[PDB]
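> Sequence first, structure after, both from an experimental entry:
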Amino acid sequence: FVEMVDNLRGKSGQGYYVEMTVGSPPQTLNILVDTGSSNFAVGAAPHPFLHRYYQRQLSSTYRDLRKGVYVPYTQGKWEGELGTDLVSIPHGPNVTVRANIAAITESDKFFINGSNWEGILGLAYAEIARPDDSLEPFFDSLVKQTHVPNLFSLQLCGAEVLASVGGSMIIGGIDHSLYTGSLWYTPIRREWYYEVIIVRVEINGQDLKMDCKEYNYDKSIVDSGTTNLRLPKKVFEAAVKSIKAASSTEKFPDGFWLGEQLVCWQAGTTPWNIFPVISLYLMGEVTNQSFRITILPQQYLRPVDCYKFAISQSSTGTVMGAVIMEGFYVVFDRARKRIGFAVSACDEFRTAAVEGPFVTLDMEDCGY
Ligand SMILES: CN1C(=O)[C@@](c2ccc(OC(F)F)cc2)(c2ccc(F)c(C#CCCCF)c2)N=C1N
C-alpha cells in the first residue's frame, strides 16, 4: 500500500480529495472522498466553481443508461444524467472498474468555490444511493469486478489562502505505518450510512451523564464529507456549556461558540491548555464493552493564528466529521461490518488517544 500513502489533498474546511481518471482516454479529476454518501457524482458541464469537468462526448467507453437523477438535499441540490464508464485511481490499486457515474449538468450550492475538486466519491452503501439502491456504488463495483478486499482506510491529517491538508486512502487494506498502538473496532449498526453507536461522552474526564439514546438521536455516523463534529441539540448545548466552563479564564463571543466567527491569537500563543479534551466512547464488538477516542482542541478548533469552533448543532444526529477523523487512522472494514480506530501517525502535554476496554452497560439500548 506504499503507493497509496499521501494520495489525498485538500484545503481546510473544503474536504479531502483523491485524483481519479474517468473514460478513455483518461480524464483526470479531483474527487471528494465522502463516506457520508453513496453516489459517484461528477461535474459534467461548465460551472463557475469548476475549472475542469467530465466530458462524456470525449470518452470512447462511456455508456448512457438513459435515465436522469435529481437530488434535492438540505444544503443544496444537483441534477444529472446516469451512465457508466471506466474509472481508475492513479495512486490507488492497479485496477480499472466500470462504474456508475452521475454526470452533473445543473447544481445549486453543491460545488465549493476554490476547493479544487470536481466530483464526489460516495463510499457509503447502496441504501442511500440516488435515485435508489439499485444504482451500485463505486466501492461495490470495485470489489465485485476486481480482487480488491472489501475494506478501505482513511488517514486524514490536519495542518493568505486556506491551509493545505493531506492524508491517505488505503484501498483494500490497512497500512500499519499509518498508526500506533491498537486498532479498536465499533460495529457498523446498519449498512446505509456508516452508522455507529456512541455510549457515553466526557469533556475533560467529566461525564455528560445523558441517556445514551441522546448521543445517537436519531443516528450517529462517520462522515469524511462533513468538516465538524456535529451533535444533536441537547448534546451540543451540554458540550458547549462544559467547554465554556473549562476555558472560562478567557472570554469569547457567542459567534465563536456558534461556529460562525473566528477567534485569533498572535502567532504561537494559542492557549491550548485552557481547552478541554473530548472523549467519545463507542460501542465495542462485545456487549457491555466500549472504547474511547479522545480528541484535543487541536482537532476541534479549525485553523482559518485564527480558529473557528468546529463543533456544531445537528438535527439529523451525531456526525463524526473530519475533525474527529483527523485524530485517527480509521478503518472501514465493510467485510466484517465494523469501523476501526487507532491513533494516527500524523502537543507537549496531550495526545489524541484510542483506549479500551471500558465496561458500560446496556449498549444496544443506546440505538436511537
Ligand atoms: C453531509 N454531506 C453532504 O451534504 C454531501 C453530499 C454528497 C452527495 C449528495 O448527493 C448524492 F446523491 F450524490 C448529497 C450530499 C456533500 C455535498 C456537497 C459538498 F460540497 C460536500 C462537501 C464538502 C467539503 C467539506 C467537508 F468535507 C458534501 N456529502 C456529505 N457527507
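Sure, I can see it. Residues are numbered from 1 along each chain as shown.
> tell me which element residue 80 falls in.
According to DSSP states H and E, residue 80 maps onto strand 77-88.
> Could you tell me which residues within that strand count as buried?
78-88 (16 or more other Cβ atoms under 10 Å). C-betas here are computed from N, CA, C, even on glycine.
> Also near the ligand: which of those residues, exactly?
When these are checked against the ligand using Cβ under 6 Å from any ligand atom, none falls in range.
> Farthest-apart pair in the residues you listed, please.
Put simply, by Cβ to Cβ the two of the buried residues of strand 77-88 set farthest apart are 79 and 88, 26.5 Å from each other.
> what's the spacing between the nearest residue in space to residue 26 that is not next to it in sequence and the ligand?
By the measure of Cβ to Cβ, 6 or more residues apart in numbering, the closest residue to residue 26 outside its immediate chain neighbours is residue 88, 6.5 Å from it. Summarising the geometry, the distance separating residue 88 from the ligand, computed by Cβ to the nearest ligand atom, to the nearest Å, is 21 Å.
> Touching, residue 88 and residue 25? I think so.
No. Judged on Cβ atoms under 8 Å, residue 88 makes no contact with residue 25 at a distance of 11.4 Å.
> How about the stretch 201-350 of the chain: which residue is closest to the ligand?
Nearest residue of the stretch 201-350 of the chain to the ligand (Cβ to the nearest ligand atom) works out as residue 225 at 2.6 Å.
> for the stretch 51-200 of the chain, that is, sorry about that
For the stretch 51-200 of the chain, the residue closest to the ligand is residue 130, as judged by Cβ to the nearest ligand atom, at 3.7 Å.
> what residues are up against the residue lying closest to that residue once chain neighbours are set aside?
The shortest distance from residue 130 to any residue other than its chain neighbours is 4.9 Å, reached at residue 71 (Cβ to Cβ, 6+ apart). Shown in contact with residue 71 (Cβ atoms under 8 Å, 6 or more residues apart in numbering): 39, 41, 77-80, 130.
> what about stretch 61-76, near the ligand?
Yes. Contact of stretch 61-76 with the ligand is found when judged by Cβ under 6 Å from any ligand atom, involving 71, 73, 75.
> Kindly export that stretch (C-alpha atoms) in CSV.
Included here for stretch 61-76 are C-alpha records, laid out as CSV according to Å, rounded to 0.1, in the frame of the first residue of the first chain:
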residue,chain,number,x,y,z
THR,A,61,-16.0,3.8,-23.3
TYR,A,62,-18.9,5.9,-21.9
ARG,A,63,-22.3,4.1,-21.9
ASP,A,64,-25.5,6.1,-21.5
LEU,A,65,-28.0,4.5,-19.0
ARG,A,66,-30.7,6.8,-20.4
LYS,A,67,-32.2,8.0,-17.1
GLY,A,68,-31.9,11.2,-15.1
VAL,A,69,-31.3,11.9,-11.5
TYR,A,70,-32.5,14.9,-9.4
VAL,A,71,-31.1,15.2,-5.9
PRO,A,72,-32.5,17.9,-3.7
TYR,A,73,-31.0,17.9,-0.2
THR,A,74,-30.7,20.2,2.9
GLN,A,75,-27.7,22.4,1.9
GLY,A,76,-28.3,22.4,-1.9
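> Now do the buried residues in it.
With burial defined by 16+ other Cβ under 10 Å, the residues of stretch 61-76 counted as buried are 62, 69, 71.
> next one: stretch 326-338
Along stretch 326-338, the positions that meet the burial threshold by neighbour count (16+ other Cβ under 10 Å) are 326-334, 338.
> so can I have CSV of those showing secondary structure?
Formatted as CSV, the buried residues of stretch 326-338 follow (DSSP: H, G, I helix; E, B strand; the rest coil):
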residue, secondary structure
326, coil
327, coil
328, strand
329, strand
330, strand
331, strand
332, strand
333, strand
334, coil
338, strand
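> and which of those residues is nearest residue 111?
residue 326 (23.3 Å).
> separation between that closest one and residue 28?
Using Cβ to Cβ, to the nearest Å, residue 326 is found at 27 Å from residue 28.
> Report all helices and strands that the helix or strand hosting residue 183 contacts.
Residue 183 is part of strand 179-187, with elements assigned from DSSP H and E. Based on contacts counted as 3 or more Cβ pairs under 8 Å, 6 or more residues apart in numbering; DSSP states H and E, the elements that strand 179-187 packs against are strand 278-283, strand 289-295, strand 328-333, strand 338-344, strand 353-359.
> Can you tell me the strand partners of it and which way each runs?
When sheet partners are counted by DSSP bridges, strand 179-187 sits next to strand 338-344 (antiparallel).
> and the gap between the nearest residue to residue 53 once chain neighbours are set aside and the ligand?
Of all residues beyond its chain neighbours, the one nearest residue 53 is residue 43 (4.1 Å), with distances taken as Cβ to Cβ, 6+ apart. Between residue 43 and the ligand the computed distance is 11 Å (Cβ to the nearest ligand atom).
> Give the burial count for residue 261, as a bare number.
The criterion is other Cβ atoms under 10 Å. On that basis, residue 261 has 13 neighbouring residues.
> Now do the same contact list for residue 314.
When contacts are taken as Cβ under 8 Å, 6+ apart, residue 314 is in contact with 230-233, 236.
> for residue 222, same thing?
Shown here is residue 222, whose contacts under the criterion Cβ under 8 Å, 6+ apart are 35, 193-194, 196, 320, 324-325, 330, 332, 339.
> ok, now residue 100?
The contact partners of residue 100, taken as Cβ under 8 Å, 6+ apart, are 39-40, 65, 82-84, 135-138, 141.
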